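This report concerns only the one structure given below.
Start at 1 with the first residue, then count along the sequence. Side chains included, hydrogens not; waters and symmetry mates left out as well; all remaining heavy atoms used.
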Amino acid sequence: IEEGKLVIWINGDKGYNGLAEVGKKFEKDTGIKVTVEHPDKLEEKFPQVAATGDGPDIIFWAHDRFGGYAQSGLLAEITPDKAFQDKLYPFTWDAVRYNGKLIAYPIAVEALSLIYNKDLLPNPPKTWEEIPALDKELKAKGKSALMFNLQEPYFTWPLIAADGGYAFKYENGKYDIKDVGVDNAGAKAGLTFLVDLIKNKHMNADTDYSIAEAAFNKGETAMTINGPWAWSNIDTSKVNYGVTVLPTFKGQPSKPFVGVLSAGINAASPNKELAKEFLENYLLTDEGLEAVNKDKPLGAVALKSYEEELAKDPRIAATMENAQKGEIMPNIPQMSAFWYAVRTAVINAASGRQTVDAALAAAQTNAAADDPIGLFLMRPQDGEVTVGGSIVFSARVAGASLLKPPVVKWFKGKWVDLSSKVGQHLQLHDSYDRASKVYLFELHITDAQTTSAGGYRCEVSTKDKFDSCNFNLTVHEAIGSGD
Ligand SMILES: OC[C@H]1O[C@H](O[C@H]2[C@H](O)[C@@H](O)[C@@H](O[C@H]3[C@H](O)[C@@H](O)[C@@H](O)O[C@@H]3CO)O[C@@H]2CO)[C@H](O)[C@@H](O)[C@@H]1O
């Protein structure tokens, strides 16, 4: 009763209200309603929901996540005409290329900068090493020098990488997925410096994104480390801030990762054409990007015409100076393993639960680890459902032999093979996508009952290999059934 609908997911720190404004212009022109959501952990949830119908038509994230999604067949291939391709910077298209395919529309280039309060700190430090002394000075005055998010490795990486840390080695035109730079002398020096800041009480291991933002925006701390999306909240506050180059460490620049905010289209969306129309004709226009940017700044936008108009913004200039000193994020599937490993290391080293050496050595091994067997690309995860509701569990498997596909069997408990229970309340659905060479296997549980709850198993086999995983279903009583 709208003409149609598009569902968009974007992270909660981005300009979702501006994006909804572009959506309202789309609706008015087109009759198609646009809903912009920003669920928690959307980037982890997307693979599970992509092909169920609870998936978004469009997903926004930095480009690093998208190679993994593409390996799993989750993203529609983008094949633009030259006319449109030429409107965006080739650099931004490069970020969304995976094994010869464009897998998203690039939106904007982001990097972290040093953001400082000019009334507490007219001249911000040039080196990380000066920060302890600055903080002693500010503490005597009831403030602190620096607060930033210590829970996400994105924010600590620039210091870790400064003297020699790296994610994956790049050479002869490709990333070496096995060659990781997490436990070298450089990374250890950077993480040790961070840990010592915390030991010396210049920072607190528990500081997260909200805490640091509140502290900076209320004038409690002289500096923070953040990206373009944060500037508009600071504008609302009383703070006179600058945006500048990150401090050096051991004489070397901090090396922030460069992220390209990108918009991928769900391969399972029935609305791919509408999604492209929205993205090309509404969002990636001067007027569209202005709406989003005015909500939460995007950085250096991919659209040449508008990037040129904003380039005079000194905040954007500083963003790009930091970006030039840093490294572009890889988009390889292994980046997930890298990020999870480094997150663990920083949190454990910062809190004192592990030594820096132990944290980084473990993270080095974990970031490079492979799936031993190499069948599952995506495993079904624990689920919850209300009594009478429906739930879909999914597995994705990498195809290999053309002649002998992988075969999946689903079980409840030790031995009940669910193909023997297909009926009114259970379905099994298989498909293959030759574009991605990915097999999708689904188990559908409908009219869920208390008895449906418990442990299940998904077994995948080929002529010579086998793997299996377990997952749990929790069945909740409906609200209003009691009392
Ligand atoms: O820490 C665990 C975490 O690792 C992974 O997230 C990384 C992102 O994929 C990556 O893009 C980057 O995220 C930052 C955005 O680019 C930026 O625009 C912004 O919103 O801040 C984000 C950092 O909070 O960095 C992280 C790691 O910090 C992964 O894909 C997640 O599932 C995950 O929970």
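Around the CD atom of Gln424, the shell of radius 6.0 Å holds no more than 12 heavy atoms that belong to other residues, nucleotides or ligands. Within a 6.0 Å radius of CG in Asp483, no more than 12 heavy atoms belonging to other residues, nucleotides or ligands are found. Crowding of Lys25 atom NZ: a count of heavy atoms from other residues, nucleotides or ligands under 6.0 Å exceeding 12. Within 6.0 Å of NZ on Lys45 lie more than 12 heavy atoms contributed by other residues, nucleotides or ligands.
Checking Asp29 against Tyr282 by side-chain atom types alone, a donor-acceptor pair falls below 3.5 Å. Looking at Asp417 and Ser419, their side chains do bring a donor and an acceptor atom within 3.5 Å of each other. In this model, a donor atom of one side chain and an acceptor atom of the other lie less than 3.5 Å apart for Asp57 and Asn271.
Distance OG/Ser254 to CD1/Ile225: 7.0 Å, rounded to 0.5 Å. Taking OH of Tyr432 as the start and OH of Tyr439 as the end, the distance is 5.0 Å to the nearest 0.5 Å. Interatomic distance, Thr192 OG1 to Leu194 CG, rounded to the nearest 0.5 Å: 9.5 Å. If you take CG on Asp295 and CD on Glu21, they are separated by 7.0 Å, rounding to the nearest 0.5 Å. Here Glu384 contributes atom CD and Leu473 contributes atom CG; the two are 9.0 Å apart, rounded to the nearest 0.5 Å. The OG atom of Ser420 lies 9.5 Å from the CZ atom of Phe411; values are rounded to the nearest 0.5 Å.
Within the 4.5 Å cutoff, no side-chain heavy atoms of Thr79 are placed close to those of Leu102. Side-chain contact between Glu277 and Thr30: present, with at least one pair of heavy atoms (C-beta onward) separated by less than 4.5 Å. You'll find the side chain of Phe466 stays beyond 4.5 Å of the side chain of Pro406, heavy atoms only. The side-chain heavy atoms of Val36 and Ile10, taken from C-beta on, include a pair separated by under 4.5 Å. Counting heavy atoms from C-beta outward, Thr474 and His476 have side chains that approach closer than 4.5 Å. Residues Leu428 and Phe441 have side chains not in contact (no heavy-atom distance under 4.5 Å, counting atoms from C-beta outward). Contact annotation: the side chain of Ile59 approaches that of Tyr69 to within less than 4.5 Å [non-hydrogen atoms, C-beta and beyond]. Looking at heavy atoms from C-beta onward, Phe168 lies in side-chain contact with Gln334 at the 4.5 angstrom threshold.
The heavy-atom pair separating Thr92 from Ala302 by the smallest distance is OG1-CB, 3.5 Å. The two residues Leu375 and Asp467 make their nearest non-hydrogen contact at CD1-N, 4.0 Å. When all heavy atoms of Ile160 and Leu191 are compared, the pair lying nearest together is CG1-N, 4.2 Å. The two residues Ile78 and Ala104 come nearest to each other via the heavy atoms CG1-N, 3.7 Å. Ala395 approaches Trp410 most closely through the heavy-atom pair N-CH2, 4.2 Å. When all heavy atoms of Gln151 and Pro153 are compared, the pair lying nearest together is O-CD, 4.0 Å.
With respect to the salt-bridge test (charged N to carboxylate O, under 4.0 angstrom), the residues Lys33 and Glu27 qualify. We find that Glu459 and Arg457 are joined by a salt bridge, their nearest charged nitrogen and carboxylate oxygen being less than 4.0 Å apart. Using a 4.0 Å cut-off between charged side-chain N and carboxylate O, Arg379 and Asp371 make a salt bridge. In summary, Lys178 and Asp370 engage in a salt bridge, as defined by a charged side-chain N under 4.0 Å from a carboxylate O.
Proximity of a side-chain donor or acceptor of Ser401 to a complementary backbone N or O of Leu403 within less than 3.5 Å is detected. Remark: the backbone N or O of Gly181 is paired with a side-chain donor or acceptor of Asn184 at under 3.5 angstrom. Under the 3.5 Å distance criterion, the side-chain polar atoms of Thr285 are left unmatched by any main-chain donor or acceptor of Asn281. Looking only at distances, no side-chain donor or acceptor of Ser481 sits under 3.5 Å from a matching main-chain atom of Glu477. A donor-acceptor distance shorter than 3.5 angstrom exists from the side chain of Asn322 to the backbone of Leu246, with no hydrogens or angles considered. Checked by atom type and distance alone, the side chain of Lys14 never pairs as donor or acceptor with a backbone atom of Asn11 at under 3.5 Å. When atom types are taken as modelled, the side chain of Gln364 and the backbone of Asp183 share a donor-acceptor pair closer than 3.5 angstrom. No donor-acceptor pair under 3.5 Å is formed between the side chain of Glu43 and the backbone N or O of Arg65. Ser262 places a side-chain N or O within 3.5 Å of a backbone atom of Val260 that can act as its donor or acceptor partner. With hydrogens and angles ignored, the 3.5 Å screen pairs a side-chain donor or acceptor of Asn331 with a backbone N or O of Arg97.
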**Report entry** Check against side chain to side chain contact (heavy atoms under 4.5 Å, CB included), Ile328 and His63
**Finding:** CA-CA 10 Å; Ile328 185 70; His63 73 285; 3.6 Å; yes

Report task. Determine, step by step, whether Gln381 and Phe471 satisfy the side chain to side chain contact (heavy atoms under 4.5 Å, CB included) criterion, reporting the C-alpha distance in whole Å, the side-chain angles of both residues, the deciding distance to 0.1 Å, and the verdict. Result -> CA-CA 6 Å; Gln381 312 279 74; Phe471 61 96; 5.9 Å; no

Query raised in the report: Should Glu213 and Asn226 be marked as a side-chain hydrogen bond (donor to acceptor under 3.5 Å, both in side chains) after you check the CA-CA gap, both sets of side-chain angles, and the distance that decides it?
Result: CA-CA 9 Å; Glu213 181 175 47; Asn226 220 325; 5.5 Å; no

**Report entry** Audit row: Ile177, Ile332, side chain to side chain contact (heavy atoms under 4.5 Å, CB included) steps and yes/no
**Finding:** CA-CA 8 Å; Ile177 67 194; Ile332 63 183; 3.9 Å; yes

Query raised in the report: Would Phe278 and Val22 count as a side chain to side chain contact (heavy atoms under 4.5 Å, CB included) if you check the C-alpha gap in whole Å, the side-chain angles of each, and the deciding distance to 0.1 Å?
Result: CA-CA 9 Å; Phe278 176 77; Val22 179; 3.8 Å; yes

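Judged by a 6.0 Å distance limit and a 45° cone about the ring axis, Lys296 is not positioned over the six-membered ring of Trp229.
Using bins of under 30°, 30° to 60° and over 60° for the plane-to-plane angle, the ring pair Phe84/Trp93 lands in the perpendicular bin. Ring geometry for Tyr175 versus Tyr170: interplanar angle over 60°, hence perpendicular rather than tilted (30 to 60°).
Under the 6.0 Å cut-off for aromatic ring centres, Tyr154 and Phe257 do not qualify, their centroids lying 6.0 Å or more apart. Taking the ring centroids of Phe338 and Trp157, they lie under the 6.0 Å cut-off.
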